[PDB]
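**Student:** Dumping the structure here so I can ask a few things about it.
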Amino acid sequence: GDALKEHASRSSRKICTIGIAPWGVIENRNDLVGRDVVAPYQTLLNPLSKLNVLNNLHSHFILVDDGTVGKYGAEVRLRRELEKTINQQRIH
Amino acid sequence: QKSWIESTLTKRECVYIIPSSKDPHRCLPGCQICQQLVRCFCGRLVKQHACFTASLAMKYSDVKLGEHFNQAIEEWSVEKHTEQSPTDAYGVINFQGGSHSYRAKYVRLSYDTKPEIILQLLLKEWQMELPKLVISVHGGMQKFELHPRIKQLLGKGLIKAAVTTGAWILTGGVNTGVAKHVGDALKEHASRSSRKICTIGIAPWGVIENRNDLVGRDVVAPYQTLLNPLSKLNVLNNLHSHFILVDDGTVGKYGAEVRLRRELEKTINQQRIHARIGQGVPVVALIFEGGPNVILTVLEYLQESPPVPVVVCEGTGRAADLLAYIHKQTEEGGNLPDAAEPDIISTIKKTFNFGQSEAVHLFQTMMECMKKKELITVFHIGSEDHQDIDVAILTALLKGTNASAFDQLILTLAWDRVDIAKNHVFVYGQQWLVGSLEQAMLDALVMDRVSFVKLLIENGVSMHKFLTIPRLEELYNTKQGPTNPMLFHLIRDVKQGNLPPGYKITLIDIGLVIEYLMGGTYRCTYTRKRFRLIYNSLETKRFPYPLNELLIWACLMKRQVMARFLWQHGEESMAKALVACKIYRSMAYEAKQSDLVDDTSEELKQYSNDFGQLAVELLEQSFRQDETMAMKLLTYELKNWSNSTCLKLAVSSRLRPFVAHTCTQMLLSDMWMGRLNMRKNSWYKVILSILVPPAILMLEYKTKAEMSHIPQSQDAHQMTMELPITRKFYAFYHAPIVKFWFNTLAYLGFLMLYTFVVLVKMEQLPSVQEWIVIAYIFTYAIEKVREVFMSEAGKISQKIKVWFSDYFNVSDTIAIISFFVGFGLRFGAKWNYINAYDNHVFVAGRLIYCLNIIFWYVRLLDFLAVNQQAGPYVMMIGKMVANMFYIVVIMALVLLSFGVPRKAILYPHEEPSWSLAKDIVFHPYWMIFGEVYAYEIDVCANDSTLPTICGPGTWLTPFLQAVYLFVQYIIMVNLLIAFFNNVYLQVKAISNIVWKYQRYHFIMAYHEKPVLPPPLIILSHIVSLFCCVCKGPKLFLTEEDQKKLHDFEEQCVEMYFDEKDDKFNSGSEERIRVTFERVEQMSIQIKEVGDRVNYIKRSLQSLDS
Ligand SMILES: CCCCCCCC/C=C/CCCCCCCC(=O)O[C@@H](COC(=O)CCCCCCCCCCCCCCC)COP(=O)([O-])OCC[N+](C)(C)C
Ligand SMILES: CCCCCCCC/C=C/CCCCCCCC(=O)O[C@@H](COC(=O)CCCCCCCCCCCCCCC)COP(=O)([O-])OCC[N+](C)(C)C
Ligand SMILES: CCCCCCCC/C=C/CCCCCCCC(=O)O[C@@H](COC(=O)CCCCCCCCCCCCCCC)COP(=O)([O-])OCC[N+](C)(C)C
Ligand SMILES: CCCCCCCC/C=C/CCCCCCCC(=O)O[C@@H](COC(=O)CCCCCCCCCCCCCCC)COP(=O)([O-])OCC[N+](C)(C)C
Ligand SMILES: CCCCCCCC/C=C\CCCCCCCC(=O)O[C@@H](COC(=O)CCCCCCCCCCCCCCC)COP(=O)([O-])OCC[N+](C)(C)C
Ligand SMILES: CCCCCCCC/C=C\CCCCCCCC(=O)O[C@@H](COC(=O)CCCCCCCCCCCCCCC)COP(=O)([O-])OCC[N+](C)(C)C
Ligand SMILES: CCCCCCCC/C=C\CCCCCCCC(=O)O[C@@H](COC(=O)CCCCCCCCCCCCCCC)COP(=O)([O-])OCC[N+](C)(C)C
Ligand SMILES: CCCCCCCC/C=C\CCCCCCCC(=O)O[C@@H](COC(=O)CCCCCCCCCCCCCCC)COP(=O)([O-])OCC[N+](C)(C)C
Ligand SMILES: CCCCCCCC/C=C\CCCCCCCC(=O)O[C@@H](COC(=O)CCCCCCCCCCCCCCC)COP(=O)([O-])OCC[N+](C)(C)C
Ligand SMILES: C[C@@H]1CC[C@@]2(OC1)O[C@H]1C[C@H]3[C@@H]4CC=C5C[C@@H](OCCC(CO)CO)CC[C@]5(C)[C@H]4CC[C@]3(C)[C@H]1[C@@H]2C
Ligand SMILES: CC(C)CCC[C@@H](C)[C@H]1CC[C@H]2[C@@H]3CC=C4C[C@@H](O)CC[C@]4(C)[C@H]3CC[C@]12C
């Protein structure tokens, strides 16, 4: 992300970054909730904690509902498959 | 005394006359010399005391008989034996020097003046702005010079630190040390910071060259700047602006500054740096090139409660290069390395000749200084340490003082230093409380600190959560920033004309101001039910779009740089720019209609046109990407701006470049068509179809998709769902292009009949032709009353006033009124005489008709003005009449200057008559138009047609007429040709814009005009009225189309800023200067490497042997 803002409004419509993160380690899991909502998510480092935030300069997210807060191991099974299924597509 | 200084501050004259130490010099008898040489321990020869009380002590022998028990000779005290008396000198010295007088000031206060009196002296008596920083430089005196590297830099940072922070630089002032380097740095940056840096020399009234020249109650003493040779005495350094000379003691003794200068360093800190801010004013100390009592002073400032931090610029001299290394051999706050007595006290013995008699005493002062190195900032020169000390001075106040980052941020905010905070306060790992960055945002907005608002938004302040009703209330009510006085003038004009005592402004009142400024039917969110209810009750207490509310704030507070910034954030950028244009335009108007002093009507009219241009430039950007989506932007309802459209907002502000833009003109052309595809069709098939109704069924109409960008009536958009036979007739007769030709043919047929009526003989009863003419004008007149009483603006007196601003509506009004005067006289006239024209009332009626018809032929220019070529020329004709007025006035005067003499010479036997008025103007006018009256010029010639006019003096009239026509044709007619040739292009250009602009109101009018033309329009009046008793155009967009349009707007605004940054960063002027600056930088490093490689040559010597 920090590299995106140093080259933003030049590649802001060609680079589709994707965060395949879990629905575990994240600050406001409940603010992300809401069927078809436009949830106004924050970008302030919530102090007095270790929880992490979705990096603002990304464009797409695949949050993974499982488990709980704290456990963040359920991405390797899916993210890897995406790395396998894009390759079986024909480039052109 | 007529002066606060004269009644408050004092002198200290040594009344008591201690003889000098004890011993006379020479000269065996001890009565002359015990008087003469033997000075006072005061410090002057005996007669200079001039004691008003004891002036007759010296004549006797002296004050205080000799012996006096030696103990009691030191009993003299500055405190006791010194009459406190007035100042006797406070004024304005000057310095004949580097091309300026470089003026300054002195008070010459005593010494034991109270500390508060200085602050009162500095701020009101001298009228000095309280600073945001205080630099207290220190060091030793009378040193030669520095490295030419460091010398240039120390100023460059010292100046920069002081000018950007409104700082005071406390010096000794005397041009024999610290002050010299300060001053020498000032002249290298003078006439750039000569009005922001208020240096102060708190020097004594002792060591100085001409103490007596500084004397003089309220004088402008012309003090010198030449180094008086054959001496050691010092001069006041010219480049200082203020002095506090300390009257005590004598010449030579220079120790009475520490008691006062230090107090000033203590009393400024107890002042609050700013009203909104609670932190005290900081004090810093830059020691360069110091001495032994400095090392005492450094530790005296660090040990202080609270500590005053310290800067040390290594290499300037002893104390700097010393301390820079003496607090390098240490733990962070603890102990020294392997026993450091030898090497440390070595240099302390070498720099200061001690020999262990005073070599531990300094080292003991050192080991106390290293207990706090966090406050001893040290500017490591060579390795680009903190870049030109300004960081090093300022960050020293931000290095360890256990001050929260909230206090580290406000201090940058008061200084207006963003680079410091971003690089040294918003550092990785930094941690913040919950509303600390909120309180910092409130301060930055109230203080108009625009660049700190940016820093806080980026770092993560959220305006959706920050902005609230009570905060946003405050932002209007603050008097702690660059306010607008005129806002109250608009509030008190909407409230009731009055105001309560303090009147904390409410947001409903702001809502009322905006409605007054935005005008029309604008209704603001602040005057709505829900806001009016909830505000009474004062998330609910937040705002959905906070940057729409702050843009309004910044524009009503006349805070333009904040307005431009806030504009670039959020959505609806083109709309916000057009609202800002309208707010400022209306503010500029009421400023032009208020008896205040600072008119601010060109500042506001310029701010309006700045946002006006932004809207125009965003439209062009959008139009270059997609014409059809750009036309939608003009007409979508906004819903945050009273359900208006961007085009209506621009029309409201009379913004012609927006309305005359080709995108807006393309849309207006498409609305002119209606559902008709007038690309596949021709104007003669439209006219054919108005006369042949069944030909309506063989025109090329437009699909609902081709109409997607076009606003429509509700009834017109429901018939888009499919095209059946009857829907197609609707599409035809409701198109504005059809209503035009349908009214244009009826008007032409109206003129043909009315021309027939006036040209053909008139009988008692009106003919069928004349009846049809009357019906047209009657119904045409009702049609105009409909247009006025259904226009836009509610207020009749505004509806009236706008409609009578158009040329042709004034003429139509005169035309309609004059016609029915004529019909009344024509029709109401009783024929007593059988031969018409015996009845004068009838004649006056008919002659009104024959003159009223002129109005109706000229109205054809309004129809012709619908053409793109013709219409501008019609507008030009009126503009050229206005502009040619004074040339024509001069021609009228030349005409009379000829006409009056001609008539007087040729007709000398006339009695008074109104024919005289005719005869002086008649023939001279027709001469302008090619009629010289050839056989009337010389009335005494054989071929004359006026032989009876031949008489005395008549030979003069040909000379007069020859002069007259020379002046009219050869000069005045050709001046007018030259006038028109030279103003043509600028008038044509203005007329095209005005033509294009007035095309909005013309096309919009034909959407509300009835289908039927003015003779048959009565049905559309009666029917429509009656159907209403039995019971504007909008763009309709799907939710997905609203999505894709809001995204289109955002995309094109982003392109707009990118193409500007890339157009400016790619210009040659910008590449030359970045090239310039980078070549400037290299030219240092090239030489710097040049020095290093020349010192790797030192290697070659040592390495090879
Ligand atoms: C049946 C018959 C009965 C009645 C018959 C009589 C009816 C009379 C009919 C009169 C026509 C009425 C038209 C008035 C239009 C007003 C609205 C308008 O646009 O005004 C504008 C134009 O300025 C004017 O309109 C001022 C008057 C213009 C002159 C009109 C009559 C001239 C001919 C009389 C010749 C007499 C000759 C006598 C000797 C031979 C307002 O001004 P502006 O545009 O802001 O201008 C700014 C100028 N600037 C650019 C320098 C800044
Ligand atoms: C927004 C701008 C546009 C709208 C403006 C609209 C309003 C503008 C204003 C309009 C009014 C203009 C003046 C009217 C005439 C009065 C003057 C006069 O001389 O009258 C004469 C006729 O007197 C009669 O009674 C016979 C005329 C019948 C009425 C026709 C005029 C009124 C219609 C209005 C239609 C327009 C209404 C439009 C729809 C409501 C009286 O003289 P006499 O008796 O013949 O002679 C006596 C001598 N004798 C012995 C020789 C006989
Ligand atoms: C290049 C070609 C030109 C050459 C120039 C040489 C000049 C030589 C000068 C000649 C003047 C003498 C000629 C006329 C003889 C006197 C009596 C007489 O007949 O008077 C006649 C009029 O005229 C006058 O009464 C006086 C005319 C003087 C003006 C002449 C032009 C002066 C130069 C230029 C001035 C401009 C400014 C100059 C400076 C810049 C009588 O004529 P009438 O009207 O029929 O009257 C009789 C009928 N009644 C009895 C009923 C009244
Ligand atoms: C600053 C510049 C100066 C310009 C030059 C000086 C000015 C010109 C000088 C002219 C010479 C002077 C003429 C005197 C003639 C006297 C004769 C007489 O009897 O009276 C005549 C004088 O009375 C008039 O009224 C006519 C005057 C001539 C007007 C010329 C205007 C044209 C200007 C031209 C400018 C272009 C100049 C071109 C370049 C040179 C009238 O005659 P009458 O009334 O018929 O009398 C009865 C006679 N009959 C019985 C025979 C019919
Ligand atoms: C409001 C909107 C109107 C729209 C028009 C449609 C409605 C109106 C249409 C027609 C009305 C005709 C009424 C005729 C009445 C019968 C008697 C008569 O006048 O006979 C005349 C024959 O007729 C002519 O000489 C024609 C006169 C009208 C000329 C204009 C018609 C063309 C414009 C409109 C049409 C084309 C449209 C053009 C534009 C594309 C003979 O002359 P007189 O008059 O008997 O002589 C009087 C002599 N006296 C007074 C001394 C005694
Ligand atoms: C806003 C409203 C303003 C106007 C209000 C209404 C005004 C009404 C005005 C006038 C009404 C007059 C009524 C009659 C008065 C008594 C005289 C009489 O009856 O007969 C006499 C009429 O002699 C004339 O000269 C009449 C002239 C009047 C018309 C003036 C029109 C002004 C309108 C201007 C335009 C305004 C435009 C306004 C818009 C811009 C004589 O008739 P006779 O018996 O045949 O005598 C034969 C004599 N003989 C022997 C010589 C042959
Ligand atoms: C029964 C009767 C049967 C006959 C009925 C039919 C008869 C004919 C009827 C009418 C005559 C006009 C016909 C020609 C039209 C041409 C088409 C055109 O482009 O028009 C334009 C004219 O737009 C107007 O508004 C013109 C106004 C016409 C009236 C003015 C007459 C002046 C007379 C005073 C002189 C005295 C002369 C007096 C003579 C005695 C409109 O197009 P545009 O807006 O310019 O387009 C530009 C934009 N674009 C580039 C995107 C395209
Ligand atoms: C029967 C006789 C023949 C018939 C007549 C022929 C028909 C009549 C002919 C031409 C009429 C042209 C129509 C007007 C065109 C539009 C102009 C307009 O909108 O406003 C103009 C105002 O206008 C004026 O100031 C005056 C307009 C012209 C009046 C001319 C009257 C005729 C006589 C006069 C001579 C009498 C003296 C001689 C007497 C010896 C704008 O000018 P502006 O202020 O610079 O621009 C601001 C515009 N804005 C506000 C929109 C931004
Ligand atoms: C400023 C210089 C000084 C003036 C003198 C020099 C000027 C040059 C020349 C000479 C002047 C004219 C003299 C000749 C005519 C005399 C004969 C005569 O009677 O003529 C006439 C009258 O004439 C007069 O009464 C004279 C009026 C002179 C007015 C001033 C002229 C302008 C000078 C401005 C110069 C500026 C030049 C241009 C700018 C560079 C005809 O009268 P009558 O027919 O005999 O009367 C019988 C009447 N009865 C039948 C009823 C009974
Ligand atoms: C700046 C300009 C300087 C010149 C000028 O404008 C301004 O100064 C004006 C003064 C006017 C005269 C004043 C009074 C009368 C009396 C009247 O007596 C009725 C007689 C009869 C009618 O038939 C009764 O039956 C007749 C008209 C007359 C002579 C005026 C004529 C025009 C004059 C000369 C005008 C001229 C154009
Ligand atoms: C003083 C009165 C009694 C004598 C007649 C006055 C003259 C000058 C009047 C009578 C009719 C008038 C015309 C009537 C209509 C128009 C059309 C308008 O768009 C411009 C002015 C213009 C062109 C008028 C100019 C002046 C006018 C010609």
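FYI, nothing fancy with the structure tokens labels: chains A, B, ... in order, residues from 1 per chain, ligands from 1 as they appear.
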Sorted by chain and rising residue number, list the residues of chain B at most 6 Å from ligand 7 (counting only C-alpha atoms and all ligand atoms), each with its closest atom pair and distance in Å to one decimal, as JSON lines.

**Tutor:**
{"residue": "B:683", "atom": "CA", "partner": "ligand 7", "partner_atom_place_in_ligand_line": "17 (C)", "distance": 5.5}
{"residue": "B:860", "atom": "CA", "partner": "ligand 7", "partner_atom_place_in_ligand_line": "30 (C)", "distance": 5.3}
{"residue": "B:863", "atom": "CA", "partner": "ligand 7", "partner_atom_place_in_ligand_line": "25 (O)", "distance": 4.5}
{"residue": "B:864", "atom": "CA", "partner": "ligand 7", "partner_atom_place_in_ligand_line": "27 (C)", "distance": 4.0}
{"residue": "B:866", "atom": "CA", "partner": "ligand 7", "partner_atom_place_in_ligand_line": "25 (O)", "distance": 4.3}
{"residue": "B:867", "atom": "CA", "partner": "ligand 7", "partner_atom_place_in_ligand_line": "45 (O)", "distance": 3.1}
{"residue": "B:868", "atom": "CA", "partner": "ligand 7", "partner_atom_place_in_ligand_line": "45 (O)", "distance": 4.9}

**Student:** Let's have the selection written as a tab-separated table (two decimals), in the first residue's frame, with N, CA, C and O atoms.

**Tutor:**
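Saved as result03.tsv:
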chain	number	residue	atom	x	y	z
B	683	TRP	N	-35.64	20.79	-41.78
B	683	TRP	CA	-36.54	21.82	-41.28
B	683	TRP	C	-37.77	22.00	-42.16
B	683	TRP	O	-38.81	22.45	-41.66
B	860	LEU	N	-39.56	40.32	-35.07
B	860	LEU	CA	-39.01	39.30	-35.96
B	860	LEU	C	-37.52	39.09	-35.79
B	860	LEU	O	-37.02	38.02	-36.12
B	863	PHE	N	-37.22	36.22	-33.39
B	863	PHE	CA	-37.33	34.93	-34.07
B	863	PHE	C	-36.07	34.62	-34.85
B	863	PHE	O	-35.55	33.50	-34.79
B	864	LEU	N	-35.57	35.59	-35.61
B	864	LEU	CA	-34.33	35.43	-36.36
B	864	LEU	C	-33.15	35.16	-35.45
B	864	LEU	O	-32.17	34.55	-35.88
B	866	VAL	N	-32.88	33.07	-33.25
B	866	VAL	CA	-32.75	31.64	-33.02
B	866	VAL	C	-31.65	31.03	-33.88
B	866	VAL	O	-31.14	29.96	-33.57
B	867	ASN	N	-31.27	31.68	-34.97
B	867	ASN	CA	-30.16	31.18	-35.77
B	867	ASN	C	-28.82	31.58	-35.16
B	867	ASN	O	-28.65	32.68	-34.65
B	868	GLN	N	-27.87	30.64	-35.24
B	868	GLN	CA	-26.53	30.78	-34.69
B	868	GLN	C	-25.72	31.86	-35.37
B	868	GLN	O	-24.84	32.44	-34.72

**Student:** Give me, as JSON, numbers by chain, the residues of segment 229-317 of chain B that a backbone DSSP run labels strand (DSSP E or B).

**Tutor:** {"B": [236, 242, 243, 246, 272, 280, 283, 284, 285, 286, 287, 310, 311, 312, 313]}

**Student:** Check every residue of chain A for an atom within 8 Å of chain B, counting only C-alpha atoms, and provide those that qualify as a ChimeraX atom specification.

**Tutor:** /A:9-10,42-44,47

**Student:** Give the residues close to ligand 3, within 6 Å, counting only C-alpha atoms and all ligand atoms; write them as number ranges by chain.

**Tutor:** B: 940, 950-952, 954-955

**Student:** Write the residues of the selection above to a file with N, CA and C atoms, as a JSON list (two decimals), in the first residue's frame.

**Tutor:**
[["chain", "number", "residue", "atom", "x", "y", "z"],
["B", 940, "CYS", "N", -27.85, 83.43, -53.91],
["B", 940, "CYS", "CA", -27.78, 84.58, -54.80],
["B", 940, "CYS", "C", -27.32, 84.23, -56.20],
["B", 950, "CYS", "N", -31.91, 85.75, -51.11],
["B", 950, "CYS", "CA", -30.70, 86.49, -51.41],
["B", 950, "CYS", "C", -30.71, 87.82, -50.68],
["B", 951, "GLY", "N", -29.69, 88.04, -49.86],
["B", 951, "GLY", "CA", -29.61, 89.23, -49.06],
["B", 951, "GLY", "C", -28.25, 89.36, -48.42],
["B", 952, "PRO", "N", -28.10, 90.34, -47.54],
["B", 952, "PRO", "CA", -26.79, 90.63, -46.97],
["B", 952, "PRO", "C", -26.32, 89.56, -46.01],
["B", 954, "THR", "N", -25.48, 86.52, -46.90],
["B", 954, "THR", "CA", -25.83, 85.17, -47.33],
["B", 954, "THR", "C", -24.67, 84.47, -48.02],
["B", 955, "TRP", "N", -23.68, 85.23, -48.48],
["B", 955, "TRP", "CA", -22.45, 84.66, -49.03],
["B", 955, "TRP", "C", -21.65, 83.86, -48.01]]

**Student:** Could you check which of B:179, B:1079, B:499, B:834 is closest to residue 143 of chain B, using only C-alpha atoms?

**Tutor:**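 When distances to residue 143 of chain B are compared using only C-alpha atoms, the smallest one comes from B:179.
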
**Student:** Could you pull out the residues sitting within 6 Å of ligand 1, using only C-alpha atoms and all ligand atoms, and write them as a list in words?

**Tutor:** residues 805, 806, 807, 810, 811, 818, 848, 851, 852, 879, 882 and 883 of chain B

**Student:** Interatomic distance between atom CA of residue 31 of chain A and atom CA of residue 568 of chain B?

**Tutor:**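 We find that atom CA of residue 31 of chain A and atom CA of residue 568 of chain B lie 27.3 Å from each other.
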